[PDB]
Novice: 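Please see the structure below; I have some questions.
Quick note on labels: first sequence line is chain A, next is B, and so on, each numbered from 1. Both backbone and side-chain heavy atoms feed into the values below; hydrogens, waters and symmetry mates do not. Counting starts at 1 for both ligands and their atoms, following the listed order.
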Number of protein chains: 4
Amino acid sequence: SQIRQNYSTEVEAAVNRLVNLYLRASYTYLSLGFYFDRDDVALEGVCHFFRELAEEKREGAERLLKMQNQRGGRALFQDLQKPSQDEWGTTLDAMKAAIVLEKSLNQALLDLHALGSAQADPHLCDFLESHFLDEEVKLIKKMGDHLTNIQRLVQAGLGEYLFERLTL
Amino acid sequence: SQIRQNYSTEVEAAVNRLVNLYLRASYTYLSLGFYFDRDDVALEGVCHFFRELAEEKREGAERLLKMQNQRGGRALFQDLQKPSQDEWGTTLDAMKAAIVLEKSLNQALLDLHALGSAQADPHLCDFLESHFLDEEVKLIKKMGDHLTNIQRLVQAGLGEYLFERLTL
Amino acid sequence: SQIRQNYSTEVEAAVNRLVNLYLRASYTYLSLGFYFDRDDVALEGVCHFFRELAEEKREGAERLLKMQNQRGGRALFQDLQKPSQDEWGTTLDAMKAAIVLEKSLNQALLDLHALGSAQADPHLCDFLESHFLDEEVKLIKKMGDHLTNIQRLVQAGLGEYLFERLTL
Amino acid sequence: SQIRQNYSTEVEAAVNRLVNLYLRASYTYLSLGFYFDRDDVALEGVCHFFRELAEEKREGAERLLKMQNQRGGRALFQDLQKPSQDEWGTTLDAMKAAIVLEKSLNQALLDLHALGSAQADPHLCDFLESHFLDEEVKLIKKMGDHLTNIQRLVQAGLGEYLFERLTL
Ligand SMILES: CC(C)c1ccccc1O
Ligand SMILES: CC(C)c1ccccc1O
């Protein structure tokens with residue numbers, strides 16, 4: 001690329017992999033959202049929580065793709081693997097799966113940051129710090145807070161209803 | 001001091017001690033606030049309740065220091081002892097500790113008022129009555145009300161969640 | 001902690017130490033502020049300057065404590081040592097002591113940043129850069145500017161009055 | 001009086017004496033104000049400072065007289081002695097004389113409060129605390145602050161001009 005400068009092939013590939021991870025996460029959240037919209041699950045606050053996260057993860061992927069082009073790298077897309085479950089159990093189960101997912105995304109961000117540091121790519125490092133790393137820490141703290149409240153509420157049906165009504 | 005009039009060395013020293021007590025109380029409330037912000041505690045209403053009290057106690061100390069200077073006394077600061085606990089247990093435990101703390105502050109105010117009366121210092125007496133004594137009585141009544149509601153709510157997890165959601 | 005990820009015990013402890021340093025600095029500024037409010041000192045602009053700094057340092061400590069919880073670390077508080085002086089001398093003396101204090105806080109921030117870099121903790125590194133490092137550089141530049149103006153003004157009483165009236 | 005209740009002849013007389021003291025103080029401040037308005041003195045800020053105090057002391061006297069009537073006592077007026085000086089010297093001299101005057105008024109208030117306490121007259125005690133004692137403490141602190149600034153400014157002519165321009 002005529003514009004490419006200080007942008008390694010290793011980072012370019014890792015960015016494409018991270019796009020795939022963010023799109024997969026968006027897909028997982030889409031599935032979580034619609035599961036909580038089932039008439040036999042019917043927790044609207046939980047559905048809304050996960051639909052908003054599907055939106056956030058898609059936006060993350062789009063920001064990465066914008067950055068790939070800004071740097072002169074080439075976006076390459078792969079299949080998006082279907083989510084790991086078809087049914088997501090209770091709100092507690094779902095929130096546990098969400099924190100597992102976010103910790104994996106965070107680890108991928110940290111790995112990419114390490115790669116950028118190793119490659120002396122400060123634009124990449126700053127981009128991640130500015131748009132992704134703090135967003136992830138805040139979201140994981142919020143999920144942990146939710147998990148703690150859900151756990152203290154387990155008369156499990158009553159507790160699940162109250163959390164959806166009064167927290168979400 | 002060129003302005004000092006009817007202001008005993010005994011009152012001046014007791015005011016400095018009371019500043020220290022109010023700052024210690026602010027510090028204790030700071031610790032309480034952040035404990036309830038822990039991801040494994042996660043009671044935001046409780047965190048907010050104690051953070052607002054940390055602010056109130058600091059403001060109290062500052063008012064005392066302003067008064068010390070208005071009277072021509074000299075502020076003298078001492079170390080602030082760390083709070084008595086590192087972890088504060090349940091909301092019930094915390095509210096019990098808060099009422100113990102406020103009763104101690106109130107007793108110190110009453111002791112200082114008695115000293116002012118003994119020293120025939122009506123400005124001091126009025127200052128305490130106007131800015132501190134009623135504030136303390138109101139706060140202790142509110143804490144007692146909270147303690148009673150928390151106690152009636154002990155399915156203890158459920159009760160702790162509902163109090164934070166519906167009262168705080 | 002269920003949320004803790006890439007957050008070393010070394011950083012967690014250093015953050016707690018830095019909270020203590022920021023709270024100690026707030027306390028020092030509280031003492032400076034009230035000294036300049038003494039009827040026999042009576043430099044209101046100087047009092048206001050240091051009271052605003054006491055507020056800034058407390059806010060810094062609170063931001064650190066918020067971050068400690070976001071990362072899944074545990075806040076631990078220690079005694080707050082009383083300020084190093086009971087009386088602070090002239091505005092020049094006070095401003096010299098303030099720059100010494102800020103340079104110490106800045107060094108602690110730089111030490112913690114180095115630790116974060118060594119531990120490959122980019123969230124910590126970014127947090128400090130974003131909220132603390134530039135704030136410190138700006139404040140130290142402002143103090144240095146003030147020190148230079150105070151020094152050029154030493155008829156020392158006249159100079160002290162004019163600085164408080166026309167700069168602060 | 002048909003309305004008089006718990007109001008001793010001793011307090012009634014002391015209130016009349018205190019009215020006289022407040023009116024005398026107003027007169028003294030009137031003289032101070034106009035001295036600083038002399039073409040060969042010409043310190044407008046100082047003139048304004050003392051004219052506002054003449055107003056405050058007259059208002060104090062009127063509040064006392066209103067209270068005397070509310071309690072069923074009988075106002076009795078005496079001659080108002082002319083102020084102690086015809087010419088008031090420098091701003092420093094004047095501010096020294098003003099603090100002497102206010103300390104005397106404050107002592108009279110404290111004496112009357114003691115008398116009210118001895119006579120078990122809480123309405124009197126509260127009236128003084130609410131309308132006079134804190135006003136006096138604040139005014140004496142302000143005068144002490146002014147005296148300190150005037151003293152640090154003594155090139156005495158230059159210092160007198162700057163204080164009037166930049167403080168008053
Ligand atoms: C003394 C001030 C700075 C303080 C210390 C600790 C906790 C809260 C405070 O306001
Ligand atoms: C007593 C009133 C009329 C009075 C006299 C002298 C100076 C000021 C005053 O308000």
Side-chain angles (χ1 to χ4, degrees), chain B residues 16 18-35 50-65 75-84 101, chain C residues 16 18-34 50-66 75-84 101 105, chain D residues 16-35 50-65 75-84 101:
Chain B
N16 282 330
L18 191 60
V19 167
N20 188 267
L21 202 63
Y22 267 73
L23 291 174
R24 212 276 178 96
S26 185
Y27 201 13
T28 294
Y29 285 132
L30 182 69
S31 176
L32 275 158
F34 279 97
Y35 168 78
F50 287 122
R51 290 196 72 181
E52 216 302 82
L53 288 174
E55 172 180 1
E56 294 311 296
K57 300 302 163 184
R58 177 184 72 251
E59 285 168 359
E62 287 160 352
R63 190 179 302 266
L64 285 161
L65 287 165
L76 288 174
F77 294 99
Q78 300 302 157
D79 297 348
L80 289 202
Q81 294 301 135
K82 77 177 185 182
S84 66
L101 177 54
Chain C
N16 282 330
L18 191 60
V19 167
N20 188 267
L21 202 63
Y22 267 73
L23 291 174
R24 212 276 178 96
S26 185
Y27 201 13
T28 294
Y29 285 132
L30 182 69
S31 176
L32 275 158
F34 279 97
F50 287 122
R51 290 196 72 181
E52 216 302 82
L53 288 174
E55 172 180 1
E56 294 311 296
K57 300 302 163 184
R58 177 184 72 251
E59 285 168 359
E62 287 160 352
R63 190 179 302 266
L64 285 161
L65 287 165
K66 179 176 176 191
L76 288 174
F77 294 99
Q78 300 302 157
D79 297 348
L80 289 202
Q81 294 301 135
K82 77 177 185 182
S84 66
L101 177 54
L105 287 180
Chain D
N16 282 330
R17 285 195 295 270
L18 191 60
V19 167
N20 188 267
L21 202 63
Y22 267 73
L23 291 174
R24 212 276 178 96
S26 185
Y27 201 13
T28 294
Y29 285 132
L30 182 69
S31 176
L32 275 158
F34 279 97
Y35 168 78
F50 287 122
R51 290 196 72 181
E52 216 302 82
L53 288 174
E55 172 180 1
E56 294 311 296
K57 300 302 163 184
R58 177 184 72 251
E59 285 168 359
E62 287 160 352
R63 190 179 302 266
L64 285 161
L65 287 165
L76 288 174
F77 294 99
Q78 300 302 157
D79 297 348
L80 289 202
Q81 294 301 135
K82 77 177 185 182
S84 66
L101 177 54

Novice: I'd like the residue list for ligand 2, meaning every protein residue with a non-hydrogen atom under 4.0 Å from the ligand.
Specialist: D:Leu23, D:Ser26, D:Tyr27, D:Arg58, D:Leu80
Novice: Nearest 0.5 Å, please: how far is CG in B:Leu80 from CG in C:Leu23?
Specialist: 9.0 Å
Novice: Name all residues meeting the side-chain contact (heavy atoms from CB on, under 4.5 Å) criterion together with D:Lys82; count only those two or more places apart in sequence or in a different chain, and write none if there are none.
Specialist: none
Novice: Hey, could you give me the CD/CD distance between C:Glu56 and C:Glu59, rounded to the nearest 0.5 Å?
Specialist: 5.0 Å
Novice: Just how far is it from atom CZ of B:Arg63 to atom CZ of B:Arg58, taken to the nearest 0.5 Å?
Specialist: 12.5 Å
Novice: With side-chain hydrogen bond (donor to acceptor under 3.5 Å, both in side chains) as the rule and sequence neighbours excluded, what pairs involving residues 20-29 of chain C come up?
Specialist: C:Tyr29-C:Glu102
Novice: For B:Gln81, give me all partners under side chain to side chain donor-acceptor pair (under 3.5 Å), at least two apart in sequence or on another chain.
Specialist: C:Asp79
